[PDB]
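Take a look at the structure set out below.
All ligand and atom numbering here is 1-based and tracks the order in the structure. We name chains A, B, ... by the order of the sequence lines, and we start the count at 1 in each one. These values consider heavy atoms only, across backbone and side chains, with no hydrogens, waters or symmetry-generated copies.
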Amino acid sequence: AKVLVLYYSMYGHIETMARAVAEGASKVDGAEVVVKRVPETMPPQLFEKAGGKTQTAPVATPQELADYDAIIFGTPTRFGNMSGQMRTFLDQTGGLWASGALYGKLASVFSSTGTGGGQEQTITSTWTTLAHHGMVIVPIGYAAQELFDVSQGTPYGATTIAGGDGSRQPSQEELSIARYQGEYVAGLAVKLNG
Amino acid sequence: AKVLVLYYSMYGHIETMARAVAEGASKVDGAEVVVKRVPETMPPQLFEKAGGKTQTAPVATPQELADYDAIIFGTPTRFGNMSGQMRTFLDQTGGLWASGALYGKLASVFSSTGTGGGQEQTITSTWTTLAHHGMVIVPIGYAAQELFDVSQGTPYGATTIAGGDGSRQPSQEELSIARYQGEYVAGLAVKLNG
Amino acid sequence: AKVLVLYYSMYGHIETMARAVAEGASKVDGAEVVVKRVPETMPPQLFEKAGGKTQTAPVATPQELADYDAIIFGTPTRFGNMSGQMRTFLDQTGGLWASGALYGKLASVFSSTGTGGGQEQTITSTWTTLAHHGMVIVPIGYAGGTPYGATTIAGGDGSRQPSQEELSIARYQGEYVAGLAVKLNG
Amino acid sequence: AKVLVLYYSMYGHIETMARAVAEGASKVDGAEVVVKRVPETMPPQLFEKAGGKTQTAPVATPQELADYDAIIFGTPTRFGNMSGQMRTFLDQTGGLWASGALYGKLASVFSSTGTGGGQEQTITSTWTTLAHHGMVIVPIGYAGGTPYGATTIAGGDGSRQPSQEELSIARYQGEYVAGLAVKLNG
Ligand SMILES: Cc1cc2nc3c(=O)[nH]c(=O)nc-3n(C[C@H](O)[C@H](O)[C@H](O)COP(=O)(O)O)c2cc1C
Ligand SMILES: Cc1cc2nc3c(=O)[nH]c(=O)nc-3n(C[C@H](O)[C@H](O)[C@H](O)COP(=O)(O)O)c2cc1C
Ligand SMILES: Cc1cc2nc3c(=O)[nH]c(=O)nc-3n(C[C@H](O)[C@H](O)[C@H](O)COP(=O)(O)O)c2cc1C
Ligand SMILES: Cc1cc2nc3c(=O)[nH]c(=O)nc-3n(C[C@H](O)[C@H](O)[C@H](O)COP(=O)(O)O)c2cc1C
Ligand SMILES: O=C1C=CC(=O)C=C1
Ligand SMILES: O=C1C=CC(=O)C=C1
Ligand SMILES: O=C1C=CC(=O)C=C1
Ligand SMILES: O=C1C=CC(=O)C=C1
């Protein structure tokens, strides 16, 4: 089964989370995992002025989403919605919609916030779009503690706190939940698709 | 795989929908389908005064939800939320929550409204609760037309219009979508659980 | 202007928050504030088995909601929705709905939760209902903190009591809503 | 009171609705109404390839939103969210957010959709953002019809134009919001 971790990050928090999701997914024998980012929509001059972080991941096209059995979407919280960059990218999936290209495929979502507020709304409003595509939506609930690789309130998807100033980095507790999410979704993908 | 169609109905619209969901689910070889209702919370005197409809389905207990591989929830729209009866029943699932009893099981939702407004919100706010339980959420999207048994804008779950006066009954077009939802969810249940 | 603080509480957390909301609203000249609860739907036997804290505020009827200029609704988070008790109560407001009785009145929401998340969804899914009644919805913005409404964290075991800061935010919500009610209604 | 009707439209449906909203708002004595659009983010080449209807209303800056007493936001339904263009625009209001510039101002939302559903989710997920800014949210209630805000059905092929009834509801939304803006701000 093929698993895509598709993300947008301005300052690297979601990028670090994406790498954790991919790490967990890679634990599943038979899962082929790929990490890509959506295009930055800001001119590079403005992105650099704003202290945006450069990233090694390849840029996804909308059309290539059709190639995967599961897609795990990562976005920062922007006033309780997904980012404009992710929204703009998803608005380019009308062709896939019309052909049924994503119907029945697995989808799951992770996020990041400065100070917590809005994270739930970001995830559930992303689910809405995934449902228009007919995707099967995978929340994380509160999984059995022994399934997390770090011993230790986010049932919709993994999250991390960036701090009011953006300077906080994901903790190992937060990354462990992201790794669980990837492993769990990839396992489902293999169970459904081989 | 065992599939529960669990519903609340005051005037029979959701009951008719539930029967359609169950009919579709029953098409799947290997799916064992059962239909139950949540308890009425109104005293019978008031229910009868209000013109409520008597129903043959057995009354579910909260604990028995643990016995199923998939649960398809039906509720009328009450100001854009599930009914009080369904909410009250789900509030009795704390024990299941604590034990992980519903984690990873399939869930899907159908509804009914008088005049359309609120149906989307009813379904997505029901999804929230299912996600706290760790259930895998199955929207219906816009499925391939040849999969509906009646040739013919509801991607979250099947719906029906009861009319402002409650006198409209589900059309065959609406029931066909409910039947598709049951068949689709039961197929997934068998693919995951045998 | 008349302000109703209308709440459901099983273990007392929302009850404590409701008192704070009312205190804040009472700081506003011209605001007449009343605190009521929705009925418990559980038989007392089952409420007591569950370790409930018996509520003694006056019980509101669904119909009296029409008498207020602003209503501030309190509910615990129950798997990211309002409680069944609050939902059952609101399901009895169909008569008001039909008559337009709450149309244009102010509404605002506060909640309580354990440490599991869901509070944001509880508040926003409560807003949906208020909108069907045509109520004007008042979030708190950036005045487990959300801009949607005041919250308190009760702890996984329910033993935490609202913090000083959480009660201050609840007081602010009452004061702010009551002020808007007076600006609109005198 | 100053009322901004701020919209995004690709094929003209929200543009037509915005004109109606503005007409309604303009019926209110003391309301000063302005209609602006958010920038198109697509290069014109791609907008034209997609059959877009070139928009000519003045383009709003994110910062000028602070100048209004009420803002009525229009966006097409894009898989149950606002459009990427409206989202990109709102993502540029962080400077206002930090300064509290929109706090307490009135907000209301209208939308357009094909026949697929999602309009309710578009409106309510737009409300979330408005709440982060501390805006007071105005649904229309029972004054593809929703109590959340005016809508129009564009058809599966986009060829339907707003109906007379849909434009009447849009006018009502503008009139109602503008009236509340004048009651609050003169
Ligand atoms: C326009 C804008 C809106 C924001 N809205 C929120 C918010 O609603 N809640 C929050 O806690 N943080 C908010 N933030 C902080 C971002 O979520 C934070 O920068 C992001 O999670 C960092 O992830 P990244 O490094 O992957 O870009 C916002 C930031 C911006 C620029
Ligand atoms: C308290 C209450 C609230 C309602 N809210 C809505 C609503 O938000 N939207 C709507 O279109 N119909 C609404 N209705 C109509 C119900 O959805 C309708 O009675 C129901 O779908 C019938 O299903 P049933 O026969 O299975 O009970 C409401 C009815 C009641 C009693
Ligand atoms: C049925 C049920 C569901 C609950 N769901 C959640 C939840 O989704 N998230 C959460 O953090 N706490 C949850 N809780 C814990 C309650 O929110 C907490 O006990 C409640 O806020 C107490 O408020 P009260 O003392 O006013 O009743 C739940 C509790 C019950 C009984
Ligand atoms: C990316 C995209 C997603 C869409 N999603 C939906 C949808 O979820 N439901 C719907 O009924 N129509 C949907 N539509 C159709 C639009 O809502 C319709 O073309 C739009 O309302 C037109 O408004 P405008 O003319 O102002 O651009 C979508 C269109 C596009 C381009
Ligand atoms: O979903 C939840 C249920 C109960 C609780 O305490 C926390 C979260
Ligand atoms: O919001 C609504 C309430 C009741 C009804 O019948 C239709 C809509
Ligand atoms: O989800 C949808 C996408 C496009 C459209 O036209 C209708 C619905
Ligand atoms: O709503 C919010 C916006 C920005 C931020 O940094 C934190 C919260």
- Checking salt bridge (charged side-chain N to carboxylate O under 4.0 Å, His left out) for the pair C:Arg160/C:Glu166: CA distance, chi angles, key distance, verdict? CA-CA 12 Å; C:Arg160 299 193 201 200; C:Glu166 287 170 339; over 6 Å; no
- Query: Are the side chains of B:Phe110 and B:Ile14 in touch, meaning some heavy atoms are under 4.5 Å apart?
  - Reply: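 When only atoms from C-beta onward are counted, B:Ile14 and B:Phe110 do touch, with a gap below 4.5 Å.
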- Plane angle bin for D:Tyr148 and D:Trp127 - parallel if under 30°, tilted between 30 and 60°, otherwise perpendicular: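 Taking D:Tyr148 first and then D:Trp127, their aromatic rings stand perpendicular (interplane angle over 60°).
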- Does A:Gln152 CD have over 12 foreign heavy atoms under 6.0 Å away?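 Yes, the 6.0 Å shell around CD holds more than 12 heavy atoms from other groups.
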- Message: I'd like to check the ring-ring contact (aromatic ring centres under 6.0 Å, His included) partners of B:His13; sequence neighbours left out, ordered by chain and number.
- Response: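 Per chain and number, B:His13 pairs via ring-ring contact (aromatic ring centres under 6.0 Å, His included) with no residue.
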- Item | Single hit among A:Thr159, A:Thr113, A:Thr122 for side-chain hydrogen bond (donor to acceptor under 3.5 Å, both in side chains) with A:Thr77 |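 One option only clears the test, and that one is A:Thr122.
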- For A:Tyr142, take its heavy atoms, then give the atoms of ligand 5 lying under 4.0 Å from any of them.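 This gives 1 (O), 2 (C), 8 (C) as the contact atoms.
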- Item | Under 4.0 Å from ligand 8, counting heavy atoms only: the protein residues, by chain and number | A:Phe79, A:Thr115, C:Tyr142, D:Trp97, D:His132
